[PDB]
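Just below is one structure, and these are the notes that go with it.
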Amino acid sequence: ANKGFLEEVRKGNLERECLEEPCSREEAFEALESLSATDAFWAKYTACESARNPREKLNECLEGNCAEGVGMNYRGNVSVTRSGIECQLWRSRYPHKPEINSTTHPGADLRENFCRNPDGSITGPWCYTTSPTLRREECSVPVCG
Ligand SMILES: *[C@@H]1O[C@H](CO)[C@@H](O)[C@H](O)[C@H]1NC(C)=O
Ligand SMILES: [Sr+2]
Ligand SMILES: [Sr+2]
Ligand SMILES: [Sr+2]
Ligand SMILES: [Sr+2]
Ligand SMILES: [Sr+2]
Ligand SMILES: [Sr+2]
Ligand SMILES: [Sr+2]
Ligand SMILES: [Sr+2]
């Protein structure tokens with residue numbers, strides 16, 4: 001957190017610098033090493049600033065199974081929509097070409113055909129659908145607590 005005074009002369013540490021204190025991306029970055037690791041992190045972090053306290057609710061929100069807020073932190077496995085349709089490969093370009101991928105929103109675990117919300121859309125974690133008919137649509141992901 002930089003509570004000043006030769007604290008930056010010591011090894012980076014995630015518990016202590018970011019889980020235990022609020023942190024700058026540069027603090028994570030120093031504590032995490034790899035940057036791909038720092039993109040994923042930040043993304044989870046930044047979607048969990050609304051649930052930083054208790055520090056038990058933060059562990060729930062970073063875990064990724066439940067959705068908090070509009071669930072930009074959802075990192076779970078639900079893959080079929082609200083209508084029941086099944087999601088498209090974010091990787092895939094058919095039947096609809098995604099405009100958000102990995103290149104665009106990389107903190108965001110766009111793995112498989114999983115529900116995600118790179119975008120923080122108001123109606124929650126969603127995905128691209130199979131139906132040539134319907135492009136994208138909300139998913140029914142569990143809510144945190
Ligand atoms: C979206 O990501 C794919 C990789 O799967 C890439 O080939 C495509 O060019 C990207 N589209 C945009 C963001 O340019
Ligand atoms: Sr620090
Ligand atoms: Sr500190
Ligand atoms: Sr540091
Ligand atoms: Sr601790
Ligand atoms: Sr401290
Ligand atoms: Sr630095
Ligand atoms: Sr520093
Ligand atoms: Sr370092």
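To be explicit about the labels: the chains of the structure tokens are called A, B, and onward in the order shown, and within each one the residues are counted from 1, while ligands get numbers from 1 in the order they are shown.
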_What does the list of residues within 6 Å of ligand 3 look like if you count only C-alpha atoms and all ligand atoms, written as JSON, numbers by chain?_
{"A": [1, 2, 3, 17]}
Residues of the last selection are to be written out with N, CA and C atoms, as a short mmCIF file (atom, residue, chain, number, x, y, z; two decimals), in the first residue's frame.
```cif
data_model
loop_
_atom_site.label_atom_id
_atom_site.label_comp_id
_atom_site.auth_asym_id
_atom_site.auth_seq_id
_atom_site.Cartn_x
_atom_site.Cartn_y
_atom_site.Cartn_z
N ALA A 1 0.82 -1.21 0.00
CA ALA A 1 0.00 0.00 0.00
C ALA A 1 0.86 1.26 0.00
N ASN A 2 2.15 1.16 0.28
CA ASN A 2 3.05 2.32 0.30
C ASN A 2 2.76 3.24 1.48
N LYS A 3 2.84 2.65 2.65
CA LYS A 3 2.61 3.47 3.86
C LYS A 3 3.96 4.13 4.21
N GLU A 17 0.24 -6.80 0.44
CA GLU A 17 0.23 -5.60 -0.37
C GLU A 17 -1.07 -5.24 -1.06
#
```
- Close residues, residue 100 in chain A itself excluded, 12 Å, only C-alpha atoms, min 5 positions apart in chain, as a ChimeraX atom specification: /A:89-93,105-110,116-119,127-128,136
Can you pull out every residue with an atom within 9 Å of ligand 8? Use only C-alpha atoms and all ligand atoms and format it as a PyMOL selection string.
chain A and resi 1-2+7-9+12+24+26-27+29-30
Would you export the selected residues with C-alpha atoms as a tab-separated table (two decimals), in the first residue's frame, please?
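Below is the file that was written, out-v7.tsv:
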```tsv
chain	number	residue	atom	x	y	z
A	1	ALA	CA	0.00	0.00	0.00
A	2	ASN	CA	3.05	2.32	0.30
A	7	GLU	CA	8.89	-0.69	2.55
A	8	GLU	CA	9.69	-0.87	-1.20
A	9	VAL	CA	13.14	-2.31	-0.38
A	12	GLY	CA	6.70	-8.16	-3.39
A	24	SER	CA	-1.83	-0.11	-7.22
A	26	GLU	CA	2.27	-1.62	-9.92
A	27	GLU	CA	2.11	-3.18	-6.51
A	29	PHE	CA	2.77	-6.26	-10.77
A	30	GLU	CA	5.79	-6.34	-8.45
```
Residues up to 12 Å from ligand 5, counting only C-alpha atoms and all ligand atoms: could you list those as a PyMOL selection string?
-> chain A and resi 13-21+55-56+59
Practice prompt. Can you pull out every residue within 12 Å of residue 45 in chain A, counting only C-alpha atoms, but drop anything in the same chain fewer than 3 positions away, and send it as JSON, numbers by chain?
Written response: {"A": [14, 18, 19, 21, 22, 23, 24, 25, 28, 38, 39, 40, 41, 42, 48, 49, 50, 51, 52, 58, 59, 60, 61, 62, 63, 64, 68, 72, 73, 74, 107, 108]}
Please, could you write that set of residues out with N, CA, C and O atoms as a short mmCIF file (atom, residue, chain, number, x, y, z; two decimals), in the first residue's frame?
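As written to disk, selection.cif reads:
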```
data_model
loop_
_atom_site.label_atom_id
_atom_site.label_comp_id
_atom_site.auth_asym_id
_atom_site.auth_seq_id
_atom_site.Cartn_x
_atom_site.Cartn_y
_atom_site.Cartn_z
N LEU A 14 1.73 -10.63 -2.46
CA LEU A 14 0.29 -10.40 -2.69
C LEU A 14 -0.59 -10.35 -1.46
O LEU A 14 -1.39 -9.38 -1.36
N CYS A 18 -1.82 -6.40 -1.35
CA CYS A 18 -3.07 -6.26 -2.10
C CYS A 18 -4.31 -6.88 -1.50
O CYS A 18 -5.45 -6.46 -1.80
N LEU A 19 -4.20 -7.98 -0.81
CA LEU A 19 -5.31 -8.71 -0.18
C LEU A 19 -5.49 -8.11 1.22
O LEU A 19 -6.59 -8.02 1.78
N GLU A 21 -4.14 -5.01 1.98
CA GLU A 21 -4.20 -3.56 1.79
C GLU A 21 -4.69 -3.38 0.36
O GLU A 21 -4.57 -4.32 -0.42
N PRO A 22 -5.15 -2.19 0.10
CA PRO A 22 -5.62 -1.88 -1.26
C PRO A 22 -4.30 -1.78 -2.02
O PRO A 22 -3.31 -1.53 -1.29
N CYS A 23 -4.23 -1.95 -3.33
CA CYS A 23 -2.92 -1.83 -4.00
C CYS A 23 -3.10 -1.24 -5.40
O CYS A 23 -4.21 -1.20 -5.95
N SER A 24 -2.00 -0.70 -5.89
CA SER A 24 -1.83 -0.11 -7.22
C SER A 24 -1.50 -1.35 -8.08
O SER A 24 -1.10 -2.36 -7.52
N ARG A 25 -1.72 -1.20 -9.34
CA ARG A 25 -1.48 -2.25 -10.36
C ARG A 25 0.01 -2.59 -10.41
O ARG A 25 0.44 -3.69 -10.79
N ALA A 28 0.70 -4.94 -7.50
CA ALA A 28 0.38 -6.33 -7.89
C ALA A 28 1.50 -6.93 -8.77
O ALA A 28 2.05 -8.04 -8.60
N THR A 38 -0.79 -10.67 -14.00
CA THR A 38 -1.14 -9.32 -13.50
C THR A 38 -2.38 -8.83 -14.25
O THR A 38 -3.18 -8.16 -13.56
N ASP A 39 -2.60 -9.20 -15.48
CA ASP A 39 -3.86 -8.79 -16.14
C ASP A 39 -5.07 -9.54 -15.54
O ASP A 39 -6.14 -8.93 -15.28
N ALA A 40 -4.92 -10.84 -15.43
CA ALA A 40 -5.99 -11.66 -14.86
C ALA A 40 -6.37 -11.12 -13.47
O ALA A 40 -7.59 -10.89 -13.27
N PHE A 41 -5.34 -10.96 -12.62
CA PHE A 41 -5.44 -10.47 -11.25
C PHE A 41 -6.24 -9.17 -11.24
O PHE A 41 -7.38 -9.24 -10.77
N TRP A 42 -5.57 -8.13 -11.70
CA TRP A 42 -6.24 -6.83 -11.76
C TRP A 42 -7.74 -6.99 -12.06
O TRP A 42 -8.59 -6.59 -11.24
N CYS A 48 -13.81 -6.61 -7.79
CA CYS A 48 -14.08 -6.97 -6.40
C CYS A 48 -13.84 -5.82 -5.39
O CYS A 48 -13.84 -6.12 -4.17
N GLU A 49 -13.63 -4.60 -5.87
CA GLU A 49 -13.43 -3.47 -4.96
C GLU A 49 -14.71 -3.14 -4.19
O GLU A 49 -14.76 -2.40 -3.18
N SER A 50 -15.82 -3.67 -4.68
CA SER A 50 -17.10 -3.43 -4.01
C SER A 50 -17.25 -4.50 -2.93
O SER A 50 -18.26 -4.44 -2.21
N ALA A 51 -16.32 -5.43 -2.81
CA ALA A 51 -16.53 -6.45 -1.76
C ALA A 51 -15.24 -6.81 -1.04
O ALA A 51 -15.06 -7.95 -0.58
N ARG A 52 -14.42 -5.78 -0.88
CA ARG A 52 -13.12 -5.80 -0.21
C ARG A 52 -13.23 -6.02 1.30
O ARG A 52 -12.22 -6.38 1.94
N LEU A 58 -14.31 -10.99 0.15
CA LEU A 58 -13.30 -10.69 -0.87
C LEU A 58 -12.76 -12.05 -1.35
O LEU A 58 -12.48 -12.28 -2.55
N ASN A 59 -12.66 -12.95 -0.36
CA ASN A 59 -12.11 -14.29 -0.77
C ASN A 59 -13.19 -14.92 -1.63
O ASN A 59 -12.84 -15.49 -2.67
N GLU A 60 -14.47 -14.73 -1.32
CA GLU A 60 -15.60 -15.29 -2.07
C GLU A 60 -15.56 -14.68 -3.46
O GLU A 60 -15.44 -15.49 -4.40
N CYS A 61 -15.54 -13.38 -3.60
CA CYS A 61 -15.53 -12.62 -4.87
C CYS A 61 -14.33 -12.84 -5.77
O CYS A 61 -14.44 -12.76 -7.01
N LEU A 62 -13.18 -13.12 -5.21
CA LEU A 62 -12.00 -13.33 -6.05
C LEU A 62 -12.02 -14.80 -6.57
O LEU A 62 -11.61 -15.07 -7.71
N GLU A 63 -12.54 -15.70 -5.73
CA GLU A 63 -12.69 -17.15 -6.05
C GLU A 63 -13.31 -17.34 -7.45
O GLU A 63 -12.84 -18.17 -8.24
N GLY A 64 -14.38 -16.56 -7.68
CA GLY A 64 -15.04 -16.44 -9.01
C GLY A 64 -16.33 -17.27 -9.26
O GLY A 64 -16.99 -17.10 -10.30
N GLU A 68 -20.95 -11.13 -8.12
CA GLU A 68 -21.02 -9.95 -7.26
C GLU A 68 -21.17 -8.68 -8.09
O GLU A 68 -20.41 -8.46 -9.03
N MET A 72 -18.71 -9.00 -13.09
CA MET A 72 -17.55 -8.92 -13.98
C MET A 72 -16.43 -9.83 -13.43
O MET A 72 -15.42 -9.95 -14.12
N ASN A 73 -16.64 -10.37 -12.25
CA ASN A 73 -15.74 -11.23 -11.53
C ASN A 73 -16.13 -12.71 -11.64
O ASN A 73 -15.49 -13.60 -11.04
N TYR A 74 -17.25 -12.91 -12.32
CA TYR A 74 -17.67 -14.32 -12.49
C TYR A 74 -16.60 -14.96 -13.40
O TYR A 74 -16.36 -14.46 -14.50
N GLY A 107 -8.10 -9.51 -19.23
CA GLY A 107 -8.04 -9.85 -17.80
C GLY A 107 -9.12 -10.93 -17.62
O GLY A 107 -8.99 -11.84 -16.78
N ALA A 108 -10.14 -10.80 -18.44
CA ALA A 108 -11.37 -11.57 -18.56
C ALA A 108 -11.21 -12.95 -19.14
O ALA A 108 -11.05 -12.99 -20.37
#
```
Next on the checklist: Measuring between only C-alpha atoms and all ligand atoms, which one of A:98, A:125, A:145, A:69 shows the shortest distance to ligand 1?
Outcome noted: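 Ranking A:98, A:125, A:145, A:69 by distance to ligand 1, first place goes to A:98.
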